[PDB]
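See structure below.
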Amino acid sequence: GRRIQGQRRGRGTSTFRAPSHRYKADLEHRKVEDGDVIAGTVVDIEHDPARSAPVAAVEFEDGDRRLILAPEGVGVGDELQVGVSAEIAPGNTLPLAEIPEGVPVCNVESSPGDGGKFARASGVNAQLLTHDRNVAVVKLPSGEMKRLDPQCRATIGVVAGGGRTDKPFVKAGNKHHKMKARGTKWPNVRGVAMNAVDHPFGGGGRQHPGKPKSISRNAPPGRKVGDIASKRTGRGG
Amino acid sequence: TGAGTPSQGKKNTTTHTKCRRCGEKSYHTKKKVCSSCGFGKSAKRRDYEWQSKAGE
Amino acid sequence: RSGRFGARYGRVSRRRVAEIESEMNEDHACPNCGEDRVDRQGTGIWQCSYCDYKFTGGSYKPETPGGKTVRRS
RNA sequence: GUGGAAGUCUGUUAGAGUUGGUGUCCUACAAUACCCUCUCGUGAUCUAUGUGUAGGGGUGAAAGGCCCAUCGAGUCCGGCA
RNA sequence: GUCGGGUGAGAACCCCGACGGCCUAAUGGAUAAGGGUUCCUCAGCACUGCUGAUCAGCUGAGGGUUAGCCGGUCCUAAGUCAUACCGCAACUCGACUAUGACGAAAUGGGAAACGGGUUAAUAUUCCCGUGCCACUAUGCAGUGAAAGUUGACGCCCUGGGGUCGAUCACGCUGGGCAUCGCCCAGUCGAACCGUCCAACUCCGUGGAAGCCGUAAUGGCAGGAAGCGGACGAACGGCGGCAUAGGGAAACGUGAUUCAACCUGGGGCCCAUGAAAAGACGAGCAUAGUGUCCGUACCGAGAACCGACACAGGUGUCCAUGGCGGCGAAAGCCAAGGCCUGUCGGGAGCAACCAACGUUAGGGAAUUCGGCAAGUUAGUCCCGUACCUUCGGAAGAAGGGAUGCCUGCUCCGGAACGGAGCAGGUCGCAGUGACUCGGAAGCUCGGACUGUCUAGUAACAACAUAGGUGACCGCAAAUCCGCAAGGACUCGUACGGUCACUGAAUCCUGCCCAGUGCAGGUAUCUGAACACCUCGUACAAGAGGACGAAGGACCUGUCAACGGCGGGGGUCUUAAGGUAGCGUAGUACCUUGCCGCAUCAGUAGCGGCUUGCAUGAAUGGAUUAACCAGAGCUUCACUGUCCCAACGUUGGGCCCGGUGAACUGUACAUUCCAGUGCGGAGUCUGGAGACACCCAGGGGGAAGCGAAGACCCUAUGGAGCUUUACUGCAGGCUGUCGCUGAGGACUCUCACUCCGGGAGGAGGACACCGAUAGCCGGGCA
RNA sequence: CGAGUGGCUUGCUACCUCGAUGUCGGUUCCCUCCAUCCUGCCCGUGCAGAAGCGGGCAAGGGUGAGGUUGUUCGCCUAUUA
RNA sequence: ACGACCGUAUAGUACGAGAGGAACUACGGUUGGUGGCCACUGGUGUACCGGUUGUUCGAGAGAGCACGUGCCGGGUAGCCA
Ligand SMILES: [Cl-]
Ligand SMILES: [Cl-]
Ligand SMILES: [Cl-]
Ligand SMILES: [K+]
Ligand SMILES: [Mg+2]
Ligand SMILES: [Mg+2]
Ligand SMILES: [Mg+2]
Ligand SMILES: [Mg+2]
Ligand SMILES: [Mg+2]
Ligand SMILES: [Mg+2]
Ligand SMILES: [Mg+2]
Ligand SMILES: [Mg+2]
Ligand SMILES: [Mg+2]
Ligand SMILES: [Mg+2]
Ligand SMILES: [Mg+2]
Ligand SMILES: [Mg+2]
Ligand SMILES: [Mg+2]
Ligand SMILES: [Mg+2]
Ligand SMILES: [Mg+2]
Ligand SMILES: [Mg+2]
Ligand SMILES: [Mg+2]
Ligand SMILES: [Mg+2]
Ligand SMILES: [Mg+2]
Ligand SMILES: [Mg+2]
Ligand SMILES: [Mg+2]
Ligand SMILES: [Mg+2]
Ligand SMILES: [Mg+2]
Ligand SMILES: [Mg+2]
Ligand SMILES: [Mg+2]
Ligand SMILES: [Mg+2]
Ligand SMILES: [Mg+2]
Ligand SMILES: [Mg+2]
Ligand SMILES: [Mg+2]
Ligand SMILES: [Mg+2]
Ligand SMILES: [Mg+2]
Ligand SMILES: [Mg+2]
Ligand SMILES: [Mg+2]
Ligand SMILES: [Mg+2]
Ligand SMILES: [Mg+2]
Ligand SMILES: [Mg+2]
Ligand SMILES: [Mg+2]
Ligand SMILES: [Mg+2]
Ligand SMILES: [Mg+2]
Ligand SMILES: [Mg+2]
Ligand SMILES: [Mg+2]
Ligand SMILES: [Mg+2]
Ligand SMILES: [Mg+2]
Ligand SMILES: [Mg+2]
Ligand code: NA
Ligand code: NA
Ligand code: NA
Ligand code: NA
Ligand code: NA
Ligand code: NA
Ligand code: NA
Ligand code: NA
Ligand code: NA
Ligand code: NA
Ligand code: NA
Ligand code: NA
Ligand code: NA
Ligand code: NA
Ligand code: NA
Ligand code: NA
Ligand code: NA
Ligand code: NA
Ligand code: NA
Ligand code: NA
Ligand code: NA
Ligand code: NA
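Protein chains in written order, with our numbering: chain A, -10 to 226; chain B, 6 to 61; chain C, -5 to 67.
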């Protein structure tokens, strides 16, 4: 047949790429030698086109102007600090170690110095739980218990823009507008509504998948569709 | 809209033009590559064996 | 509210658009001062027409159940 | 009362589309045209130019649609008598 | 188009005049692309031109495009290339990363030009006048100088400022008309230099506890109004420009509404609305310099694309000319353009045809079906059902009004704005043309706007929000690449990938036996390397031991593929159809039976319903709104019909000119019968038949058109499928190499990742190379 | 039970055409057949009459409008010689 | 180039217990078909005459355009049913 949609994707053509040239900033934690004396004043609050969440503009003591992953409750004028000796307040970044347990954190680093990887979407937050001299246990927004190096930096507070998922799109047009700001081909045509040549579920005189939907992990691209390596399906039991 | 006559009217774009190298009107001004001599793509002159019968 | 939606979309969809938009448009207490002049500027962005405090909050509420938890700890 | 929202309504505004007449045409004005009728017309809108994606590959709100009158695998030449 | 006339050997169509018309977002003006000399002049008619030609976009010869201040040029956009690096057997191939360059002529950004005159043809380019910018040099000023501002920005609503235009009042100049006193045109004057400043913001004063303010929101003791001040707009006003220019002349003044242009206020976003060069910041004189490329013409029913002088296709600006009216609508008319959507002459002009008007009585009887046509119609007042998601339904339906003339009232600053009143009065008719919905009900489907088969399908199909399941913590899941590498991703579970269902509302039963996916697994099975035995002076080889994923086996899972019967009062094979719906877009029997409705209803609707073979995200039921979707009924309407007629325009017919094509074995005036490979103008027998020509509607030539699409056949082809055959990618897994120190473990030095670095994490694993076993229509 | 006629149905066959003889139903317009539905002339009767039933000659003329259905067919309504 | 039907007189008669109920013949009309014709009725009648809306020719008068009559009203001849 013909390569399915998922395969056309990888090629990275225009249709599948994210509008990078329209993106604001690669939100990452600042780099500090040590000391912590690094602090700055929030100069403005902006809209991040890549995340549909607000982002804060900050002007640092040493003159550097940069955008930062804004947690909820950060306004113009506020003073944020980043370093080992940073005060424990919302909007301040410091290695998990210096952070007191039981405090909601966002924009957590995977490996210390990576500038933040986990918990960065609208309204989410990681939960710092256990400390040590070797491991800092954080509970990510997916509920998973992640064992991190206490040296990994992180920002205090939940990510701004919480509750975005609460309101429905209502109409196709609204989706259209949001979709245009991401690396996604939209709308979505069902496999079952295509020709056999185009997708493994295509064909037939009526719309129904050929074989069962649960495919194996070892299935090749072009064939891995439907419910991937599903451990179970449905809602019963 | 017909793919024939009605779709011919929008054809006012310039692509292939007189080539600086070989002189043929095959220099695609948008690709900046000559379809006849290979100018713009190859230092060597575009030339294939299939441009003639195999035993010739 | 969802009156602009006419007879389209259905109950739930436009019922929740109204509720969310109703609370979104309410007078909100300014964190800077304490005045009821906080309005939405965009997605997650709020500002007081009184003191000009431009800050971050929820997408449709200047404060979310999660942000309120932060303070406590 | 004010306000003036809306994939909101009427609309041959511009513009876009193409339901019926199975009308006219059917060695045509035209290798997809003419007329009347009809649909949309602030939006997932329409459009010019520039630019990207290439042949078992693109592109596809999916009709096996479209990729220069060429598509259930374009076109040219070669394999080839 | 017509009548005159001009030129000419020749004139319906070349030119002048008159009369008559056509085009009004275009048939007018300016342009992009594209064309490429088509532009102008002279000379021509062999070619081209749907006829003719003295004409021409044709033929021939000449001529024609003038720039510091219009474009290009410069900048950067999506993105492109070149070099370097790396890959590759290799390259004219290939992703990344560096660097450089490229990338905008209407329509992104951007130093600067206006007015008049001139030519057969150019013109912000030449000429006259006036102006402006940049650089450089000289001189004076200045040491400030880079922080900042600008360039520079979305969608919707809206105020204020305000020019052109249009209109009104009055005056002046010129014209028109001739029962009046009306009607038309003009009444000009730039760039630039100077000056004015409303809005916004801010400062001083002031001191509001209820005031201030708006079209609206709104503002205030954190200091409202008022008062004074700073900063500060137009392509705008004002003065110069200008006893410049232009006009035969006068060479006006006020007003309203105000495109342009200027400046504010509000609202929206699961959408956030370029960048860079440059400019400002940062004075003035005088002088010099400002090169290079484009510049004609068309820009379309003859200059472009479509083989054509093609009824097609083709972007931008003029959206403010008048009446009209809600209007950038109709209809009519200016300015401007045209009679070239380029063959004519003749016949009350027949038949027949294309468009179309009107038809008495009847009124859908026509037909698959009201197909076609018609009805209705603008505006105001009254009034408006079922149902409903309370939005809607709804212009429901139905009823009334509607002109002109006289004189008025109200709203408003006013309009040449709007709303009314009284009286008079004409017609068959007052939205008098034009413009301008027919209405109501039942059922089916899809919720809705949207999408689609360019060229027979616009739909119930696709999409959608909504619902649901699945995978993944990011050195991820998914996907692309042979590799170097890459998309998702300036992204991080409120994410994004992969699928199913398809708004809302009420719901979504039972089944894990098979198949699929996933987890587990004592035991069984399970490859190669290494190891052991036999064998061979070695080797091939035979066997053994160990045993990964995988399988067996066990468990989980159906909003996973799917299943939900037969029999009797269990059996196959797990369960045995629950809510619902039901003769269905699913019901064979079938026009099922009953009812509604009609004179009569295989239709439609309702009820029943044992359902050949309904049924729950293969989603079931249901549903307001919506619909060029399928079916039915009613009112209204009508040439659809009874049943046809008359008329209108273009053809048709005759004449001048131009001038194809399809088709043609031959013969051919046929007809009735027969015969024949059973469907004969041509054979046989008879009949009929004087030749030629005009018009006609198409009976025959199994008419013309197409080596039949249907069917079969060929050890034909292709696309597609799968538990067909065979293989190939890919994934998983063991082993070997990289690979190191001390059946489970520690370490660090390779190697990998994180970190700017220091250093951190991991670590002999992973990556990569090689091989083996499993899965493997993803592909051949 | 027996003997036939027709060539409207259906079946059978594979003669004719696959370098194509355009489908069903309908419509329009022309000719025909008789195995006669009506009309004319007759015979019989379980022929009083009236109305019928059966038969004979006979193809001159006529044999119409509608409701469901694409239907042919058929069912149904009112008219009708 | 004519086919067929209804009605009246026959006749409430013949026949018949009654109920019911004919015919020959002569008449009048209807229907279908056919040929022709236009005094009459009706249609058309972009001949013509009038009314009137919009706009343009200054008003008036008188006109053009509004699809080949702007629309409305009446309509001669002819052609027609
Ligand atoms: Cl989303
Ligand atoms: Cl130019
Ligand atoms: Cl305002
Ligand atoms: K055949
Ligand atoms: Mg990042
Ligand atoms: Mg996109
Ligand atoms: Mg879909
Ligand atoms: Mg399909
Ligand atoms: Mg497939
Ligand atoms: Mg389905
Ligand atoms: Mg399905
Ligand atoms: Mg094509
Ligand atoms: Mg709309
Ligand atoms: Mg509309
Ligand atoms: Mg494009
Ligand atoms: Mg198909
Ligand atoms: Mg010329
Ligand atoms: Mg000449
Ligand atoms: Mg450039
Ligand atoms: Mg420009
Ligand atoms: Mg010129
Ligand atoms: Mg010019
Ligand atoms: Mg022409
Ligand atoms: Mg009539
Ligand atoms: Mg009927
Ligand atoms: Mg009928
Ligand atoms: Mg119709
Ligand atoms: Mg009317
Ligand atoms: Mg007043
Ligand atoms: Mg039905
Ligand atoms: Mg729909
Ligand atoms: Mg089509
Ligand atoms: Mg449609
Ligand atoms: Mg269509
Ligand atoms: Mg659908
Ligand atoms: Mg969904
Ligand atoms: Mg979803
Ligand atoms: Mg029924
Ligand atoms: Mg279920
Ligand atoms: Mg053949
Ligand atoms: Mg076939
Ligand atoms: Mg094959
Ligand atoms: Mg790295
Ligand atoms: Mg295959
Ligand atoms: Mg034939
Ligand atoms: Mg007989
Ligand atoms: Mg006969
Ligand atoms: Mg006229
Ligand atoms: Na299928
Ligand atoms: Na209100
Ligand atoms: Na059409
Ligand atoms: Na191909
Ligand atoms: Na060949
Ligand atoms: Na000025
Ligand atoms: Na007007
Ligand atoms: Na001519
Ligand atoms: Na719409
Ligand atoms: Na099962
Ligand atoms: Na199973
Ligand atoms: Na089922
Ligand atoms: Na639609
Ligand atoms: Na008619
Ligand atoms: Na014929
Ligand atoms: Na095929
Ligand atoms: Na026989
Ligand atoms: Na037969
Ligand atoms: Na043949
Ligand atoms: Na037929
Ligand atoms: Na007869
Ligand atoms: Na019938």
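Idealized CB from N, CA, C, for every residue including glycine.
Taking 8 Å as the threshold (C-beta atoms), are residue j and residue i in contact?
i: residue 192 of chain A; j: residue 145 of chain A; result: no
i: residue 151 of chain A; j: residue 52 of chain C; result: yes
i: residue 38 of chain C; j: residue 39 of chain A; result: no
i: residue 97 of chain A; j: residue 127 of chain A; result: yes
i: residue 90 of chain A; j: residue 118 of chain A; result: yes
i: residue 175 of chain A; j: residue 183 of chain A; result: no
i: residue 159 of chain A; j: residue 7 of chain C; result: yes
i: residue 49 of chain A; j: residue 24 of chain A; result: no
i: residue 82 of chain A; j: residue 71 of chain A; result: yes
Mapping the DSSP letters down to three states, classify residue i as helix, strand or coil.
i: residue 30 of chain A; result: strand
i: residue 17 of chain A; result: coil
i: residue 97 of chain A; result: strand
i: residue 51 of chain A; result: coil
i: residue 37 of chain A; result: strand
i: residue 55 of chain B; result: helix
i: residue 221 of chain A; result: coil
i: residue 136 of chain A; result: strand
i: residue 60 of chain A; result: strand
Can you find the residues in the same chain that come closer than 6 Å, C-beta to C-beta, to residue i, ignoring five residues on each side of it along the sequence?
i: residue 12 of chain C; result: -5, -4
i: residue 45 of chain C; result: 26, 27
Using a 10 Å radius around the Cβ and a threshold of 16 neighbouring Cβ atoms, would you call residue i buried or exposed?
i: residue 217 of chain A; result: exposed
i: residue 50 of chain C; result: buried
i: residue 142 of chain A; result: buried
i: residue 41 of chain C; result: buried
i: residue 34 of chain A; result: buried
i: residue 17 of chain B; result: exposed
Going by beta carbon distance, what residues of the same chain come within less than 7 Å of residue i, once the five residues before and after it are set aside?
i: residue 31 of chain B; result: 21, 24, 39, 40, 41
Among residues of its own chain, excluding the 5 on either side of residue i, which ones have a beta-carbon nearer than 8 Å to its beta-carbon?
i: residue 109 of chain A; result: 16, 40, 58, 95, 96, 148
*Quick one, which residues of the region 137 to 148 of chain A are near chain C if we go by CB-CB under 7 Å, in chain order?*
The residues in question are 146, 147.
*asked:* For the region 37 to 65 of chain C, list every residue whose C-beta sits within 7 Å of some C-beta in chain A, in sequence order.
replied: Residues 37, 38, 39, 47, 48, 49, 50, 51, 52, 53, 54, 55, 58, 60, 61, 63, 64.
*Taking only beta carbons into account, state which residues of the region 99 to 119 of chain A come closer than 8 Å to chain C, listed in chain order.*
Hits within the stretch, in order: 111, 112, 114.
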